[PDB]
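Remarks on the structure that follows.
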There are 2 protein chains.
Amino acid sequence: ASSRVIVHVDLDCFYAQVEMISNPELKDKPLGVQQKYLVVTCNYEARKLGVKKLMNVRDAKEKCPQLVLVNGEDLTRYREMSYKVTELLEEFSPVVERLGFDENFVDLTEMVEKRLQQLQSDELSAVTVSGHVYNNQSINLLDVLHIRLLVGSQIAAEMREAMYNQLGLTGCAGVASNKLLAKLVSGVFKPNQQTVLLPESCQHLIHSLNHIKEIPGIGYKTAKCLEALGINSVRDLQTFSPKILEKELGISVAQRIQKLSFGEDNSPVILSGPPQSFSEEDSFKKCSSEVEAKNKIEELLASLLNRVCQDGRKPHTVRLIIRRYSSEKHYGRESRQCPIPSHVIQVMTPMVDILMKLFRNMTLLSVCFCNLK
Amino acid sequence: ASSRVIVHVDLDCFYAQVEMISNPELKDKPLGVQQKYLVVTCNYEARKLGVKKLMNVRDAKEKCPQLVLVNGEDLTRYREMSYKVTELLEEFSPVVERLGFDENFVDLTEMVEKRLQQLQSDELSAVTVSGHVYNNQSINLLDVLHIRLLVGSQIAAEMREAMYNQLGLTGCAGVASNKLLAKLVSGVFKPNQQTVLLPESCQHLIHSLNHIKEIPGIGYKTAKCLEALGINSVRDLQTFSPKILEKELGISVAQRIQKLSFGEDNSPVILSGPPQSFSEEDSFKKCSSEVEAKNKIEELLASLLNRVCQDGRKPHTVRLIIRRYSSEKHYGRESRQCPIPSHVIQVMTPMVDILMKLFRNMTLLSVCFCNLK
DNA sequence: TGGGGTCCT
DNA sequence: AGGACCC
DNA sequence: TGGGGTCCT
DNA sequence: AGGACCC
Ligand SMILES: Nc1ccn([C@H]2C[C@H](O)[C@@H](COP(=O)(O)OP(=O)(O)OP(=O)(O)O)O2)c(=O)n1
Ligand SMILES: Nc1ccn([C@H]2C[C@H](O)[C@@H](COP(=O)(O)OP(=O)(O)OP(=O)(O)O)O2)c(=O)n1
Ligand SMILES: [Mg+2]
Ligand SMILES: [Mg+2]
Ligand SMILES: [Mg+2]
Ligand SMILES: [Mg+2]
């Protein structure tokens with residue numbers, strides 16, 4: 001129960017793919033998906049002209065005035081497609097982990113070994129790779145670990161062909177020995193391709209990063225913190241002092257991110273199953289008076305109710321969130337949780353009141369249904 | 001799936017019972033179990049002389065200078081007996097809920113109905129009660145609800161006989177239609193007896209209380225809050241305004257405690273199963289220097305390790321707690337959680353360090369192992 | 001600088 | 001409740 | 001005023 | 001993390 005074969009599957013310009021499938025006339029045209037003033041993502045034709053992900057409409061448009069834009073505020077369709085993709089990956093192997101709407105990890109370890117036991121003592125010399133090999137590294141067919149990672153590159157290719165054939169979506173995959181590597185290597189060949197990482201090239205991959213905020217797990221916060229100590233490259237982090245780090249982020253934050261800086265990462269691929277929550281969010285900077293704005297709350301609920309319904313499970317908690325304005329508070333949402341009266345659980349009318357009263361004990365508003373059962 | 005038959009089982013002077021079984025020479029002598037300066041509980045011979053639960057050693061001793069005292073700081077034995085009792089109740093019906101070391105709720109609804117279907121259309125006129133009937137109320141053998149509550153009083157009597165015969169422990173039981181009533185009525189006949197609550201006497205029971213802090217669920221906090229509004233008796237609470245209450249404790253705290261004030265309570269008896277946590281706590285007011293005091297931390301761990309071990313499940317988190325001194329801060333413990341390094345999970349040496357470092361990011365100290373799996 | 005979503009403390 | 005991290 | 005323990009926000 | 005509630 002030690003060496004693993006994990007794949008990370010990461011779809012191409014996901015929202016824009018889904019919009020291009022819905023309206024084919026958007027193909028071959030540079031496309032951006034807008035949400036308020038933000039171009040959240042764009043198709044590859046777009047990125048050729050300079051549009052980057054999370055550009056504002058303005059910069060997007062003055063970098064490329066020929067850009068089509070469609071609204072992506074409503075996530076319904078993306079969320080549906082997102083689950084269609086996870087469910088299809090669950091068929092290859094039950095344990096799939098989601099990350100956002102367009103990433104999935106799958107532990108292919110049991111699958112690879114079953115395939116290897118089916119191959120006679122002869123064809124195993126014919127095992128080939130599918131896709132790119134990170135760093136152009138040579139394969140060694142007598143290396144058991146190379147053989148398992150190639151077999152894993154083949155399962156990957158089959159998952160991508162099925163995603164294409166069955167749902168019409170393209171994507172990249174990365175095959176590696178842990179989740180951190182598999183995700184870092186799935187991006188090496190961007191558009192609709194896959195890459196496999198052999199152990200000998202782990203260090204090359206991790207040292208190819210230009211700053212530790214590129215390591216999955218180190219976010220906006222730890223990043224500035226690590227800086228304050230002089231730690232800027234992944235090597236700085238590798239060689240920095242455990243004690244001084246240990247004692248400045250807590251043994252947890254520290255002992256973990258240091259392992260990552262080496263490419264080491266033992267977290268298991270967890271089963272995501274159905275969501276732990278369902279929320280809708282509306283935005284209207286400056287428009288929320290602070291009484292005239294409740295009707296918005298009934299807006300969110302209308303959809304929420306129909307969604308939560310469907311899954312089936314009924315939520316046993318509700319939550320309401322906000323955010324106020326003037327200077328850049330960087331950080332500042334407020335909320336009030338509350339249990340969903342048991343009668344209310346088995347419709348719209350009351351909810352409004354819970355929320356309204358929940359509203360008073362209290363830029364933008366949202367509603368979350370959690371604690372599903 | 002509506003009317004229930006629930007029993008609440010509540011053992012007599014639990015710690016002192018266990019001490020009297022271990023040292024029979026303590027029988028018939030007034031006994032108090034001490035923890036530091038507190039007489040946490042005493043046997044009934046004691047309470048005759050004035051010793052009340054949670055009296056200080058002094059008041060206990062000047063109220064009764066003939067009082068034997070044994071130390072009950074180490075809970076090991078009480079905890080063992082506590083699980084022996086729950087496991088024996090689980091045999092009658094799988095769903096047992098614990099509350100503290102000496103209370104258990106059991107939903108006897110399915111059991112009662114199975115027994116009623118086994119009784120021919122004749123002996124059912126002979127169904128009798130076992131124990132006291134709260135308020136001396138008359139039974140009506142044609143009342144299906146009376147019949148089910150009597151059958152439930154019989155299951156209760158059988159559980160108490162088994163607790164006695166199998167583990168040597170006596171206790172009280174209360175049979176009622178929900179958890180709140182079953183617990184309120186289990187105390188009406190204190191020492192080693194049982195009482196059953198028929199629906200017609202619910203109001204009499206609930207109005208027999210002298211203040212709302214006597215209702216399970218209303219604690220030290222809500223109590224003072226309800227006061228601030230004039231709400232003192234259970235009737236005040238019953239008749240107080242939902243809105244003004246709703247909006248002063250939150251719709252949750254309010255809509256719930258108001259139901260309780262009526263005797264209404266729909267919470268289901270939950271399965272407690274194995275514990276969600278294991279902790280040890282040591283006390284030494286004023287003795288913790290704030291470096292000389294870590295050895296204490298290794299004390300707690302020694303036992304913890306052996307305990308957590310046993311259950312089997314390994315904890316995936318550790319926690320360390322404190323509390324400082326001068327004026328009565330009423331309220332004031334501090335803690336720092338931290339994940340238990342995976343290598344450490346499958347021994348003593350490191351733990352100490354996690355705790356020590358956990359100790360520095362930081363009257364008494366403790367260690368908790370949680371997040372079992 | 002959107003609209004979601006997960007787990008920890 | 002709020003924080004941190006991810007897409 | 002002990003030494004535990006549970007669930008919520 | 002801390003709060004509230006229970007034994
Ligand atoms: N901060 C973020 C990150 C992403 N997304 C949405 C828009 C994307 O379509 C989708 C997936 O995130 P990715 O980083 O994968 O972006 P893409 O799939 O769109 O692009 P790529 O093709 O570079 O993987 O999630 C978002 O709304 N907000
Ligand atoms: N604040 C509290 C409450 C109780 N206990 C311990 C000592 C008791 O023996 C046991 C059970 O609590 P009870 O209220 O049931 O007290 P008793 O069983 O001891 O007495 P009774 O016979 O009145 O039920 O838990 C405790 O240590 N601290
Ligand atoms: Mg992605
Ligand atoms: Mg993507
Ligand atoms: Mg009790
Ligand atoms: Mg008791």
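Chain letters run A, B, ... following the sequence lines, proteins first and then strands; every chain starts at 1. Both backbone and side-chain heavy atoms feed into the values below; hydrogens, waters and symmetry mates do not.
- Taking side-chain N and O atoms only, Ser283(B) has a distance below 4.0 Å to OP1 or OP2 of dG3(E).
- Side-chain N/O atoms of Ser335(A) include one lying less than 4.0 angstrom from OP1 or OP2 on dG2(D).
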Verify salt bridge (charged side-chain N to carboxylate O under 4.0 Å, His left out) between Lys36(A) and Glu73(A), making sure each step is shown before the conclusion. CA-CA 8 Å; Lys36(A) 296 306 194 298; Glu73(A) 263 149 50; 3.7 Å; yes
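- For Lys36(B), the side-chain atoms get nearest to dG2(E) when compared with the rest of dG2(E), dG2(D), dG5(E).
- For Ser279(A) and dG5(C), the shortest distance from a side-chain N or O to OP1 or OP2 is below 4.0 Å.
- Here the two rings, on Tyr15(B) and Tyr78(B), have centers that are under 6.0 Å apart.
- Look at CD on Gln35(B): it is 9 Å from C1' on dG4(E), rounded to the nearest Å.
- Using a 4.0 Å heavy-atom distance criterion, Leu54(B) is classed as a base contact.
- If you check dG3(C), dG5(C), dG5(E) against the side chain of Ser277(A), the one that comes closest is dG5(C).
- Side-chain atoms of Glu334(A) lie closest to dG2(D) of the nucleotides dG3(C), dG2(D), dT1(C).
- Heavy atoms of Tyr37(A) sit under 4.0 angstrom from primed sugar atoms or phosphate atoms, though from no base atom.
- Using atom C1' as the reference point in both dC8(E) and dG2(D), the two lie 14 Å apart (nearest Å).
- Between the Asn56(A) side chain and the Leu38(A) main chain, no donor and acceptor come within less than 3.5 Å of each other.
- With rounding to whole Å, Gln276(B) atom CD is found 12 Å from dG5(E) atom P.
- Whole-Å rounding puts the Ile340(B) CD1 to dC8(C) P distance at 13 Å.
- A sub-4.0 Å separation between OP1 or OP2 of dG2(C) and a side-chain N or O of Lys285(A) is present.
- Among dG2(E), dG3(C), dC6(F), the nucleotide with an atom closest to any side-chain atom of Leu99(B) is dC6(F).
- Within 4.0 Å (heavy atoms only), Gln34(A) reaches no atom of the nucleic acid at all.
- Within the structure, a side-chain polar atom (N or O) of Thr222(A) is placed less than 4.0 Å from OP1 or OP2 of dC5(D).
- The side-chain hydrogen bond (donor to acceptor under 3.5 Å, both in side chains) test with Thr363(B) is passed by exactly one of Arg323(B), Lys285(B), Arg333(B): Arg323(B).
- Rounded to whole Å, atom P of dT6(E) lies 13 Å from atom CG of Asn371(B).
- Searching all strands for a Watson-Crick or G-U wobble partner of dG2(F) with both distances below 3.5 Å returns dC8(E).
- Which of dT1(E), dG4(E), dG4(C) sits closest to the side chain of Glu281(B) comes down to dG4(E).
- When side chains are defined from C-beta on, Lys179(A) counts as touching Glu97(A), because their heavy atoms get closer than 4.5 Å.
- Put simply, the side chain of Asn104(B) never gets that close to the backbone of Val96(B): no donor and acceptor are under 3.5 Å apart.
- In this model, the phosphate group of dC6(F) is not approached by any side-chain N or O of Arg98(B) to a distance below 4.0 Å at OP1 or OP2.
- If you take CZ of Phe14(B) and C1' of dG4(E), they are 12 Å apart, rounded to a whole angstrom.
- Listed pair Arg79(B) / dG5(E) meets the phosphate criterion, a side-chain N or O lying under 4.0 Å from OP1 or OP2.
- Taking atom NZ of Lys213(A) as the reference point, atom P of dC5(D) lies 9 Å away to the nearest angstrom.
- At whole-Å resolution of the value, CD in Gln337(A) and P in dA4(F) are 16 Å apart.
- Counting to the nearest Å, the P atom of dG5(C) and the CD atom of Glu80(A) are 13 Å from each other.
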